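Down below is the structure, laid out as C-alpha coordinates.
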Amino acid sequence: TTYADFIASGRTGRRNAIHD
Amino acid sequence: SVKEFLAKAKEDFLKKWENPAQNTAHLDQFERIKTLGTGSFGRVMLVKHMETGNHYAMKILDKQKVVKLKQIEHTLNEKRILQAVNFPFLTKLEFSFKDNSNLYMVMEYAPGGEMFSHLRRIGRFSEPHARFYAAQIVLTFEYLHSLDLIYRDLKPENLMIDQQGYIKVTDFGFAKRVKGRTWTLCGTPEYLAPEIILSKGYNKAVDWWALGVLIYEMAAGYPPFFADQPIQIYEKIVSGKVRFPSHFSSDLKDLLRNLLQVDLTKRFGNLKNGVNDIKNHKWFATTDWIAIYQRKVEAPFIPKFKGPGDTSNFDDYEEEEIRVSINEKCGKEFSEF
Ligand SMILES: NCC1(Cc2ccc(Cl)cc2)CCN(c2ncnc3[nH]ccc23)CC1
Ligand SMILES: [Cl-]
(Lines of atoms letter the chains of each structure in order from A and count residues from 1; the text may use other names and numbers.)
(Lines give C-alpha, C1' and ligand atoms only; values in the text may rest on other atoms or scores of the structure.)
(Ligands and ions follow the chains in the order given, each with its own letter.)
Protein backbone atom coordinates (compact mmCIF):
# COMPACT_ATOMS: atom_id res chain seq x y z
CA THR A 1 0.00 0.00 0.00
CA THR A 2 1.14 3.57 -0.55
CA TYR A 3 0.68 4.22 3.18
CA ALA A 4 3.01 1.29 3.96
CA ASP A 5 5.58 2.51 1.44
CA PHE A 6 5.51 5.95 3.08
CA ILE A 7 5.83 4.65 6.67
CA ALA A 8 8.72 2.41 5.60
CA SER A 9 10.46 5.43 3.91
CA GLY A 10 13.15 7.61 5.47
CA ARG A 11 11.06 10.79 5.22
CA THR A 12 8.25 10.35 7.74
CA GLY A 13 10.05 12.49 10.34
CA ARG A 14 10.49 16.25 10.33
CA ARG A 15 11.77 17.41 6.95
CA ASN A 16 14.56 19.95 6.75
CA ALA A 17 14.37 23.06 4.61
CA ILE A 18 16.80 23.19 1.64
CA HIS A 19 18.53 26.13 0.06
CA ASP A 20 21.21 26.81 -2.54
CA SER B 1 -15.16 44.31 1.04
CA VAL B 2 -12.12 42.04 1.14
CA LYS B 3 -10.37 44.43 -1.30
CA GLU B 4 -11.09 47.31 1.14
CA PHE B 5 -9.84 45.42 4.17
CA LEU B 6 -6.68 44.40 2.34
CA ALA B 7 -6.00 47.96 1.09
CA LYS B 8 -6.05 49.32 4.62
CA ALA B 9 -3.95 46.40 5.97
CA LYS B 10 -1.37 47.31 3.31
CA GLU B 11 -1.20 50.89 4.59
CA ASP B 12 -0.62 49.49 8.09
CA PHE B 13 2.04 47.06 6.80
CA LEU B 14 3.92 49.60 4.67
CA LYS B 15 4.41 52.03 7.54
CA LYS B 16 6.05 49.33 9.67
CA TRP B 17 7.93 47.93 6.63
CA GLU B 18 9.42 51.36 5.93
CA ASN B 19 10.23 52.06 9.57
CA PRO B 20 10.92 48.79 11.35
CA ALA B 21 10.84 48.35 15.13
CA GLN B 22 14.24 47.53 16.58
CA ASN B 23 15.76 46.74 20.03
CA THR B 24 12.46 46.55 21.91
CA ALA B 25 13.57 44.19 24.66
CA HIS B 26 16.58 42.48 26.27
CA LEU B 27 17.40 38.84 27.00
CA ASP B 28 17.33 39.34 30.80
CA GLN B 29 13.65 40.31 30.66
CA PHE B 30 12.75 36.68 29.90
CA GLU B 31 12.89 33.37 31.71
CA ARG B 32 13.77 30.53 29.30
CA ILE B 33 11.74 27.38 29.92
CA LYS B 34 12.06 24.69 27.19
CA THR B 35 13.22 24.22 23.59
CA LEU B 36 10.19 23.82 21.31
CA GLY B 37 12.24 23.03 18.21
CA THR B 38 15.47 23.52 16.33
CA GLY B 39 16.74 24.70 12.98
CA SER B 40 20.11 24.75 11.20
CA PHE B 41 21.17 28.04 12.74
CA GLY B 42 19.18 28.30 15.97
CA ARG B 43 16.33 27.26 18.23
CA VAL B 44 12.90 28.31 19.40
CA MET B 45 12.21 28.30 23.18
CA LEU B 46 9.18 28.78 25.39
CA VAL B 47 10.01 31.79 27.54
CA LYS B 48 8.11 33.83 30.14
CA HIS B 49 8.14 37.63 29.96
CA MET B 50 8.79 38.45 33.61
CA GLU B 51 7.22 41.90 33.87
CA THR B 52 3.88 40.60 32.52
CA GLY B 53 3.96 36.84 33.16
CA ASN B 54 3.06 36.32 29.46
CA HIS B 55 4.46 33.23 27.70
CA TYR B 56 6.03 33.62 24.26
CA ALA B 57 8.01 31.64 21.73
CA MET B 58 11.51 33.07 21.47
CA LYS B 59 13.53 32.34 18.31
CA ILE B 60 17.25 32.48 19.04
CA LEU B 61 19.57 32.62 16.00
CA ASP B 62 23.36 32.28 16.15
CA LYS B 63 24.72 35.11 13.93
CA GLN B 64 27.91 33.17 12.97
CA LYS B 65 25.82 30.20 11.88
CA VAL B 66 23.50 32.47 9.87
CA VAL B 67 26.60 33.87 8.07
CA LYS B 68 28.10 30.41 7.41
CA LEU B 69 24.85 29.27 5.82
CA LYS B 70 24.51 32.45 3.71
CA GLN B 71 21.16 33.30 5.28
CA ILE B 72 21.89 36.91 6.30
CA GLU B 73 19.49 38.56 3.86
CA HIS B 74 16.82 35.88 4.43
CA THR B 75 16.97 36.47 8.21
CA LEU B 76 16.74 40.25 7.74
CA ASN B 77 13.68 39.58 5.50
CA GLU B 78 12.06 37.43 8.21
CA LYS B 79 12.41 39.98 11.01
CA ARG B 80 11.47 42.96 8.86
CA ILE B 81 8.33 41.23 7.60
CA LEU B 82 7.19 39.67 10.87
CA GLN B 83 7.48 42.98 12.74
CA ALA B 84 5.25 44.53 10.03
CA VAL B 85 2.43 42.00 9.55
CA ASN B 86 -0.78 41.49 11.52
CA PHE B 87 -3.27 38.71 10.76
CA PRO B 88 -5.26 36.21 12.89
CA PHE B 89 -3.17 33.25 11.62
CA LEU B 90 0.23 34.89 11.97
CA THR B 91 2.42 35.45 15.02
CA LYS B 92 3.95 38.95 14.52
CA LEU B 93 6.96 40.00 16.54
CA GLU B 94 6.09 41.24 20.05
CA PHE B 95 9.76 42.10 20.55
CA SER B 96 13.07 41.80 18.80
CA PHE B 97 16.67 42.41 19.86
CA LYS B 98 20.26 41.18 19.42
CA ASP B 99 23.39 40.80 21.56
CA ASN B 100 27.08 39.94 20.85
CA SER B 101 26.24 36.39 19.71
CA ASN B 102 22.58 36.06 18.76
CA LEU B 103 19.46 37.48 17.15
CA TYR B 104 16.19 37.25 19.11
CA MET B 105 12.60 37.31 17.90
CA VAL B 106 9.74 37.01 20.36
CA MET B 107 6.36 35.84 19.12
CA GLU B 108 2.96 34.68 20.36
CA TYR B 109 3.26 31.11 21.70
CA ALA B 110 1.20 28.37 20.02
CA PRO B 111 0.67 25.67 22.73
CA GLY B 112 -0.95 23.03 20.51
CA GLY B 113 2.37 22.07 18.84
CA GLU B 114 3.06 21.35 15.16
CA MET B 115 0.28 20.14 12.85
CA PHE B 116 2.91 17.61 11.71
CA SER B 117 2.86 15.87 15.12
CA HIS B 118 -0.89 15.41 15.17
CA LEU B 119 -1.06 14.46 11.49
CA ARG B 120 1.57 11.73 11.80
CA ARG B 121 0.06 10.33 15.02
CA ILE B 122 -3.56 10.30 13.74
CA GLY B 123 -2.48 9.20 10.24
CA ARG B 124 -4.71 11.45 8.15
CA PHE B 125 -7.34 14.12 8.61
CA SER B 126 -10.94 13.91 7.37
CA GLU B 127 -11.74 16.19 4.40
CA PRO B 128 -13.64 18.59 6.72
CA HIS B 129 -10.67 18.64 9.16
CA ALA B 130 -8.32 19.33 6.22
CA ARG B 131 -10.62 22.01 4.75
CA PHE B 132 -10.73 23.87 8.13
CA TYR B 133 -6.94 24.22 8.13
CA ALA B 134 -6.74 24.82 4.38
CA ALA B 135 -9.21 27.72 4.60
CA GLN B 136 -6.97 29.52 7.14
CA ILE B 137 -3.97 29.11 4.82
CA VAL B 138 -5.95 30.41 1.80
CA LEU B 139 -6.80 33.59 3.73
CA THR B 140 -3.26 34.00 5.07
CA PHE B 141 -1.77 33.67 1.61
CA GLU B 142 -4.34 36.10 0.22
CA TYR B 143 -3.14 38.55 2.92
CA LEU B 144 0.58 37.96 2.43
CA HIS B 145 0.48 37.97 -1.37
CA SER B 146 -1.47 41.23 -1.40
CA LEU B 147 1.49 42.68 0.55
CA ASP B 148 3.83 41.45 -2.30
CA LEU B 149 5.12 38.79 0.11
CA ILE B 150 6.00 35.27 -0.98
CA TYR B 151 6.10 32.72 1.89
CA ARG B 152 7.97 29.68 0.44
CA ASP B 153 7.87 27.08 3.20
CA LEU B 154 4.44 25.67 3.67
CA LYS B 155 4.40 22.24 5.38
CA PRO B 156 2.80 20.59 8.49
CA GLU B 157 6.01 21.10 10.50
CA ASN B 158 5.53 24.87 10.06
CA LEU B 159 1.83 25.10 11.02
CA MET B 160 1.42 25.56 14.78
CA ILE B 161 -1.90 24.82 16.51
CA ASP B 162 -3.13 27.38 19.07
CA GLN B 163 -5.31 26.81 22.14
CA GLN B 164 -8.51 27.05 20.10
CA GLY B 165 -7.33 24.59 17.42
CA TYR B 166 -6.76 27.27 14.79
CA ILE B 167 -3.37 27.56 13.09
CA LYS B 168 -0.43 29.93 12.95
CA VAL B 169 1.71 30.00 9.82
CA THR B 170 5.19 30.28 11.31
CA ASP B 171 8.76 29.85 9.95
CA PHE B 172 9.12 33.01 7.88
CA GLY B 173 12.82 32.27 7.23
CA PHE B 174 12.31 32.23 3.42
CA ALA B 175 9.60 34.88 3.22
CA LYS B 176 10.46 37.76 0.84
CA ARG B 177 8.92 41.01 -0.34
CA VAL B 178 9.28 40.87 -4.15
CA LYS B 179 7.20 42.49 -6.88
CA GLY B 180 8.65 40.60 -9.86
CA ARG B 181 10.04 37.14 -10.12
CA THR B 182 12.67 35.64 -7.86
CA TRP B 183 15.20 32.86 -8.23
CA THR B 184 16.39 31.47 -4.91
CA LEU B 185 16.24 27.70 -4.67
CA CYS B 186 14.66 27.23 -1.21
CA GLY B 187 11.88 25.40 0.59
CA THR B 188 11.35 21.71 1.37
CA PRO B 189 11.73 18.98 -1.35
CA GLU B 190 8.19 17.48 -1.10
CA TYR B 191 6.67 21.00 -1.32
CA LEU B 192 8.80 22.53 -4.13
CA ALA B 193 6.94 23.69 -7.29
CA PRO B 194 8.36 22.39 -10.58
CA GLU B 195 9.51 25.96 -11.56
CA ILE B 196 11.73 26.14 -8.51
CA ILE B 197 13.24 22.69 -9.22
CA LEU B 198 13.75 23.67 -12.89
CA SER B 199 15.66 26.85 -11.90
CA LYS B 200 13.17 29.19 -13.48
CA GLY B 201 12.32 32.57 -12.08
CA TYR B 202 9.15 32.05 -10.07
CA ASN B 203 6.48 33.94 -8.20
CA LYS B 204 3.75 33.53 -5.55
CA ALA B 205 2.20 30.68 -7.59
CA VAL B 206 4.70 28.41 -5.78
CA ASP B 207 2.77 29.04 -2.54
CA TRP B 208 -0.43 27.80 -4.30
CA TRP B 209 1.35 24.66 -5.49
CA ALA B 210 2.62 24.09 -1.91
CA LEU B 211 -1.01 24.41 -0.75
CA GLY B 212 -1.89 21.59 -3.14
CA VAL B 213 0.83 19.45 -1.53
CA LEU B 214 -0.39 20.28 1.98
CA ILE B 215 -4.07 19.49 1.33
CA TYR B 216 -3.07 16.19 -0.30
CA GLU B 217 -0.81 15.28 2.66
CA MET B 218 -3.41 16.26 5.25
CA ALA B 219 -6.16 14.25 3.48
CA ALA B 220 -3.99 11.24 2.46
CA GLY B 221 -1.58 11.13 5.41
CA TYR B 222 1.38 11.13 2.99
CA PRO B 223 2.45 13.68 0.40
CA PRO B 224 1.79 13.38 -3.39
CA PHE B 225 5.51 13.02 -4.21
CA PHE B 226 7.71 11.03 -1.81
CA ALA B 227 10.83 8.81 -1.96
CA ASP B 228 13.90 8.08 0.18
CA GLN B 229 16.07 10.73 -1.50
CA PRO B 230 15.25 14.31 -2.70
CA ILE B 231 16.43 13.64 -6.26
CA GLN B 232 13.75 10.94 -6.75
CA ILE B 233 11.21 13.36 -5.28
CA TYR B 234 12.23 16.07 -7.73
CA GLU B 235 11.84 13.57 -10.60
CA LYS B 236 8.23 12.84 -9.52
CA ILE B 237 7.24 16.50 -9.06
CA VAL B 238 8.42 17.60 -12.51
CA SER B 239 7.03 14.47 -14.32
CA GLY B 240 3.41 15.71 -14.46
CA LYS B 241 1.75 12.75 -12.64
CA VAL B 242 -0.12 12.57 -9.32
CA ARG B 243 -2.20 9.68 -7.89
CA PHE B 244 -5.07 10.15 -5.44
CA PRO B 245 -6.32 7.74 -2.77
CA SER B 246 -9.67 6.22 -3.73
CA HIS B 247 -11.21 7.76 -0.66
CA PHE B 248 -10.53 11.27 -2.04
CA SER B 249 -13.80 12.99 -2.96
CA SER B 250 -14.41 14.07 -6.57
CA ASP B 251 -14.30 17.75 -5.56
CA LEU B 252 -11.04 17.27 -3.64
CA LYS B 253 -9.32 15.67 -6.61
CA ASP B 254 -10.46 18.49 -8.89
CA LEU B 255 -9.12 21.18 -6.53
CA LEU B 256 -5.78 19.33 -6.24
CA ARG B 257 -5.52 18.93 -10.02
CA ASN B 258 -5.87 22.71 -10.35
CA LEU B 259 -3.38 23.46 -7.51
CA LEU B 260 -0.83 20.80 -8.50
CA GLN B 261 -0.81 22.12 -12.05
CA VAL B 262 2.63 22.29 -13.65
CA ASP B 263 1.20 24.75 -16.24
CA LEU B 264 1.26 28.28 -14.70
CA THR B 265 -1.37 29.51 -17.19
CA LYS B 266 -3.75 27.01 -15.59
CA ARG B 267 -2.66 26.91 -11.90
CA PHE B 268 -5.37 28.03 -9.46
CA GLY B 269 -4.29 31.10 -7.52
CA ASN B 270 -2.29 32.22 -10.59
CA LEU B 271 -5.14 32.90 -13.05
CA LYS B 272 -6.91 36.18 -13.86
CA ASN B 273 -9.42 35.63 -11.04
CA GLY B 274 -6.64 34.96 -8.50
CA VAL B 275 -7.59 33.45 -5.13
CA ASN B 276 -11.33 33.47 -5.81
CA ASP B 277 -10.88 30.47 -8.11
CA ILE B 278 -9.84 28.71 -4.90
CA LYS B 279 -12.34 30.29 -2.55
CA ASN B 280 -15.23 29.55 -4.95
CA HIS B 281 -14.24 25.96 -5.71
CA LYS B 282 -16.88 23.34 -4.82
CA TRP B 283 -14.63 21.69 -2.22
CA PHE B 284 -14.84 25.01 -0.29
CA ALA B 285 -18.61 25.46 -0.85
CA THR B 286 -19.33 24.68 2.83
CA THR B 287 -16.68 27.18 3.93
CA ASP B 288 -17.86 30.46 5.36
CA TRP B 289 -14.74 32.54 4.87
CA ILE B 290 -15.79 35.30 7.26
CA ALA B 291 -16.49 32.81 10.07
CA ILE B 292 -12.99 31.31 9.55
CA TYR B 293 -11.40 34.76 9.59
CA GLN B 294 -13.37 35.66 12.73
CA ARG B 295 -12.44 32.28 14.27
CA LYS B 296 -16.11 31.58 15.13
CA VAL B 297 -16.10 28.14 13.47
CA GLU B 298 -15.75 25.23 15.91
CA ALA B 299 -12.36 23.60 15.45
CA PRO B 300 -12.68 19.89 14.55
CA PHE B 301 -9.79 19.19 16.94
CA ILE B 302 -8.68 21.14 20.02
CA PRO B 303 -5.46 20.19 21.78
CA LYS B 304 -5.07 18.90 25.32
CA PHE B 305 -3.78 21.51 27.81
CA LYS B 306 -2.87 21.30 31.50
CA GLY B 307 -2.37 25.06 31.64
CA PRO B 308 -0.26 28.12 30.75
CA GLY B 309 3.28 27.22 29.66
CA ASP B 310 2.41 23.53 29.19
CA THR B 311 4.51 21.90 26.43
CA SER B 312 3.23 18.30 26.28
CA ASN B 313 2.12 18.80 22.63
CA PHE B 314 5.82 19.33 21.69
CA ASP B 315 8.65 16.81 21.32
CA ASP B 316 11.62 17.03 23.65
CA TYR B 317 14.84 18.52 22.29
CA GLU B 318 18.29 18.59 23.84
CA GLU B 319 18.73 21.79 25.90
CA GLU B 320 21.93 23.81 25.37
CA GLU B 321 23.29 26.92 27.18
CA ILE B 322 22.68 30.30 25.51
CA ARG B 323 26.22 31.66 25.53
CA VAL B 324 26.81 35.34 24.87
CA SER B 325 30.33 36.18 23.68
CA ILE B 326 32.19 39.15 25.19
CA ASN B 327 33.00 40.21 21.63
CA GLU B 328 30.37 41.40 19.11
CA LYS B 329 29.97 38.99 16.23
CA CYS B 330 28.82 39.98 12.75
CA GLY B 331 27.88 43.54 13.71
CA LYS B 332 27.84 44.99 10.22
CA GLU B 333 25.92 42.07 8.70
CA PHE B 334 23.00 42.49 11.09
CA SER B 335 23.25 46.23 11.62
CA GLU B 336 19.55 46.84 10.69
CA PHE B 337 18.14 43.99 12.80
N1 LIG C 1 8.31 24.74 12.78
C2 LIG C 1 8.42 24.68 14.26
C3 LIG C 1 9.54 25.60 14.78
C4 LIG C 1 10.86 25.13 14.15
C5 LIG C 1 12.03 26.07 14.22
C6 LIG C 1 12.25 27.00 13.21
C7 LIG C 1 13.35 27.83 13.25
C8 LIG C 1 14.25 27.74 14.30
CL9 LIG C 1 15.66 28.75 14.31
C10 LIG C 1 14.05 26.80 15.30
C11 LIG C 1 12.95 25.97 15.25
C12 LIG C 1 9.23 27.07 14.50
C13 LIG C 1 7.94 27.52 15.18
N14 LIG C 1 7.98 27.29 16.64
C15 LIG C 1 6.96 27.89 17.46
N16 LIG C 1 6.45 27.12 18.44
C17 LIG C 1 5.50 27.66 19.22
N18 LIG C 1 4.95 28.87 19.16
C19 LIG C 1 5.49 29.60 18.17
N20 LIG C 1 5.13 30.88 17.84
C21 LIG C 1 5.89 31.31 16.80
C22 LIG C 1 6.73 30.30 16.43
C23 LIG C 1 6.48 29.20 17.30
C24 LIG C 1 8.31 25.90 16.99
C25 LIG C 1 9.60 25.45 16.31
CL1 LIG D 1 9.27 30.53 13.53
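Since chain B takes its numbers from Swiss-Prot, the residues it shows come out as 15-351.
Per the header of the entry, the method used was X-ray crystallography, 2.0 Å.
Cβ atoms here come from the backbone N, Cα and C positions, even for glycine.
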Candidate annotated in Swiss-Prot as phosphothreonine, out of B:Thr66, B:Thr184, B:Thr198, B:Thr279: B:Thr198
Swiss-Prot annotation phosphoserine: which of B:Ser54, B:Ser115, B:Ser131, B:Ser339 has it? B:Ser339
Below 8 Å between Cβ atoms and chain A: which of B:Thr49, B:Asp167, B:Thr198, B:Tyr331 make it? I'm asking about the recorded positions. B:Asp167, B:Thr198
Distant-in-sequence Cβ neighbours of B:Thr196 (phosphothreonine), under 8 Å, six or more positions away: B:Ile164, B:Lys190, B:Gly215, B:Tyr216, B:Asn217
List of residues, in chain order, with Cβ under 8 A from that of B:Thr49 (phosphothreonine) and at least 6 apart: B:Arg57, B:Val58, B:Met59, B:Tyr331, B:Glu332, B:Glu333, B:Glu334
May I ask for the distance between B:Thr198 (phosphothreonine) and B:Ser339 (phosphoserine), taken between their Cα atoms and rounded to an integer number of Å? 32
With every protein chain in view, how many other Cβ atoms are within 10 Å of the Cβ of B:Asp167 (active site, proton acceptor)? 21
Tally of DSSP helical, extended and coil residues in the domain 'AGC-kinase C-terminal' (B:299-351): 5 helix, 0 strand, 48 coil
